[PDB]
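The residues making up each chain are set out below.
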Amino acid sequence: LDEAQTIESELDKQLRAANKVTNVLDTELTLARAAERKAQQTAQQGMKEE
Amino acid sequence: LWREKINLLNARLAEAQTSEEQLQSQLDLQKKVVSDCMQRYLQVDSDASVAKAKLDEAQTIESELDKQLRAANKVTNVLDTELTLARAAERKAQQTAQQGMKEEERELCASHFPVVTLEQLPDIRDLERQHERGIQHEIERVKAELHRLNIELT
């Protein structure tokens, strides 16, 4: 039980550390989606192929 | 201006770190109640049943505290990135500003150089380029005028 609890704490630490990657990627994806929506709305103002 | 930014970001990051540390301490205390139940079990709705119920309760409660700690870590990482960027900008500006000035130099620079503020600090490079152009254009205009005066003199 003690060994299992120690391993549980170690895995919880590892998961806590990994949460940073998910947060950074989520923030980057949100910013990228906002910028892409801005670019799309600016691009769709009407234009001929020529 | 970047040192002022770093001053603000230090306090904000300290507050975020305090929040994260308090949440982590509460989570670890919740985990520690598991060991306290063992200590009571060794020391003595029996005691064992109460220890079992409390361990299950702690494990159930653990999820929300863990999610709150994840949010606190999100905030702390955002503020740490902000502080890192501010520190990088301040380091970039530091070596250039340390050159030192005479009064006749700084007061000369006070001739319609802009007084950039913290809100305008991100755009300071644009202002520096704009005034570079402003001085360069006038210098070359005066150079052309000097050439014209040379022609007049001859």
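Structure determination for this PDB entry was carried out by cryo-EM, with a resolution of 3.7 Å recorded in the header.

Under the PDB entry, the name given to chain B is JetC, and the organism recorded is Escherichia coli.

As recorded in the PDB entry, chain A goes by JetC and comes from Escherichia coli.

A word on the overall build of chain A. Tallying secondary structure elements over chain A gives 1 helix and 0 strands in all. Seen through its C-alpha atoms, chain A measures out along the principal axes to roughly 70 × 15 × 10 Å. Within chain A, buried positions represent 8% of all 50 residues. Approximately 4700 Å² of chain A is accessible, and the part contributed by carbon and sulfur atoms is 56%.

Okay, the overall build of chain B next. Of regular secondary structure, chain B possesses 4 helices and 0 strands. Traced from its N-terminal end to its C-terminal end, chain B shows the element sequence α-α-α-α. Relative to its length of 154 residues, chain B is extended, with a C-alpha radius of gyration of 31 Å against a globular reference of 15 Å. The principal-axis extent of the C-alpha atoms belonging to chain B is close to 115 × 25 × 20 Å.

Right, let's talk about the environment of B:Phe113 for a bit. Residue and element names in this part refer to chain B. Mapped onto the elements, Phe113 comes out in the loop between α3 (103-109) and α4 (124-153). Taking the relative accessible area as the measure of exposure, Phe113 reaches 37% and is therefore partly exposed. Leaving out residues up to four positions away in the same chain, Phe113 has contacts with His131 and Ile135.

A few words now on the interface of chain A and chain B. Facing 11 residues of chain A, the contacting portion of chain B comprises 12 residues. In total, about 1000 Å² of surface goes out of reach between chain A and chain B, with carbon and sulfur atoms giving 41% of it. Along the contact surface separating chain A from chain B lie 4 salt bridges. Among the ionic pairs, A:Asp12 bridges to B:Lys31, the shortest N-O distance being 3.2 Å. Looking at the side of chain A that touches chain B, its residues break down into 2 nonpolar, 4 polar and 5 charged.

Definitions and cut-offs
- Residues numbered from 1 in each chain as written, not as in the entry; some residues may be left out.
- Chains lettered and ligands numbered in written order.
- Part of a larger assembly, values for the part shown.
- Heavy atoms only, no water.
- Helix = DSSP H or I, 4+ residues; strand = E, 2+ residues; numbered from the N terminus.
- Buried < 20%, exposed > 50% of the residue type's maximum accessible area, 1.4 Å probe, protein only.
- Areas by Shrake-Rupley, 256 points an atom, 1.4 Å probe, with all protein chains shown as cover.
- Rg over C-alpha atoms; globule rule 2.2 N^0.38 Å.
- Contact = heavy atoms within 4.5 Å.
- Buried area = accessible area lost by both parts, 1.4 Å probe.
- Salt bridge = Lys/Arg side-chain N within 4 Å of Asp/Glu carboxyl O.
- Nonpolar A, V, L, I, M, F, W, Y, C, P; charged D, E, K, R; others polar.

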